[PDB]
Amino acid sequence: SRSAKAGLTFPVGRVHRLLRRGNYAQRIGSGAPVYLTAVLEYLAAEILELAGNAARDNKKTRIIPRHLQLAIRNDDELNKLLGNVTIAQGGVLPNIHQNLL
Amino acid sequence: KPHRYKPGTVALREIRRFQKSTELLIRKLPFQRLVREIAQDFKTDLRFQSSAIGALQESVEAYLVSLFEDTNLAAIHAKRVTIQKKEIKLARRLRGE
Amino acid sequence: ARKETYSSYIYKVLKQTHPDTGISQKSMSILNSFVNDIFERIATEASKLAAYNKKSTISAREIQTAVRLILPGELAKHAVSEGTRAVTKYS
Amino acid sequence: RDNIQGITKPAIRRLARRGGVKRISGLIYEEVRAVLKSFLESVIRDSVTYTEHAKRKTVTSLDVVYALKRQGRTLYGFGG
DNA sequence: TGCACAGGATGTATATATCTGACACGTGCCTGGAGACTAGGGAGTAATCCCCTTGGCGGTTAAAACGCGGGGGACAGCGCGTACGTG
DNA sequence: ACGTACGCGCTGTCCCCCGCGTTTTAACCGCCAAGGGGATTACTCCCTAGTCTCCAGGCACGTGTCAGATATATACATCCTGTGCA
């Protein structure tokens, strides 16, 4: 496939066929699914390394949704990117007010 | 000599207890009869899957938690620790509703 | 019946980043909803951005300015750098 | 007949403990119960809309997730 | 008669065989990977014209800026009691 | 059922921004006429991918196998009881 010669992991044919059958435009370029798999691979690698270190903080070798919830909410760009997204079984942040102490 | 806590202690350890738990705080059967009750007058003789009930209960629980946090900050702005009805109307209206 | 997911790809990038920590099934479904959502984000922004220029062709320019417009400057900067690196290395 | 009273007062007290609330007044359970009563109509009405459009007698998880898709909430997890 | 002792009758952590659950490996039919023909949509250019500037003198006007008096409203101190905290 | 303590009502304080009069400046006009570059319209090639096509192969699926939790022999281990004694 053309993903290995370009340094990609996600396939180009599935994204290109999904853009063809997704009713977006008449003509589809050849570098657009490569760019899309590059952006999705970098972002998915970012969530994988942030949730991976968040799983490394609580001394567990498995990723629970609370680690992904704290990994997304603890980052500013992920909270600004996704502010309305509700994560199931992720819990909330330990936010304790100062005046209630 | 009875052993009693002062008012304001058990709420803090209830915050420490429930804030570490990801479980649902609403039972399945009153939410089931409630969802079927709202679904009664819309379309008669409907069916519900075993899924898609903890999704409504999950979004209701987390959305109500965020509403209690925004309303809690609204009660913090009033320089008191008690939540009032005008805090729910204030934090409900100021979110765009 | 057949279904399509990103299990082996997320497991492969997992083996590329930290090949010790495993992933649960539910968080894998959350990541599938994440990639499936951002795919509709950049795809829909590419559709409207292609509709704004009175053109019927979607190229890497629309994905580049679309990523530059819907993301913060860090994620759009490194995503634009790595994306143009993968595209220019591909061509 | 009156399944809105199934939500107990210690349940709203525990949901207030999740939000960081120390002291709770009397009308909070009635106001929260009314907001929940409007919310379940606001989501459930769209669920009956997509269920009626889908030519189905049973509501699925895709009906709930796609029902919350257009409202900007984007509920993940079950049926994504 | 008061007393220590040898062996049974029950417990109890300890070690061993056994029951789910999830990671790992071996396939093959609906996917991708790739070759060639067409052509219209994209890249490039030649006037164009049209509203948009370039730089700074004065006279005057309406709007912006300053200044003080003080009045009423924000704000601190303090007692009460009943309404939720705790059991 | 008890309880106690913070929301609330009341009172005294003081101070800070509103109302209005006086000072200072931003902008429009007259002079005195000129060009200028950037989207627009029209024209003209040119070459990237839709479409058709066939060849290959790979990730969803089925099975092997160990990790972790589970239930049960077992070798002593502590009260109880005959039981013989000084």
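Residue 1 is the first one shown; counting continues down the chain.
Note that Cβ sites are derived from N, Cα and C of the backbone, with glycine treated the same way.
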Candidate set C:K12, C:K26, C:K77, annotation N6-succinyllysine, source Swiss-Prot, matching residue: C:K12
Local Cβ density at C:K12 (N6-succinyllysine) - other Cβ atoms counted within 10 Å: 14
Rounded inter-Cα distance in Å - C:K3 (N6,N6-dimethyllysine), C:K12 (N6-succinyllysine): 19
Surrounding CB atoms that lie within 10 Å of the CB of C:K89 (ubiquitin cross-link), all protein chains: 13
Integer Cα-Cα distance in angstrom, C:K12 (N6-succinyllysine) to C:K89 (ubiquitin cross-link): 21
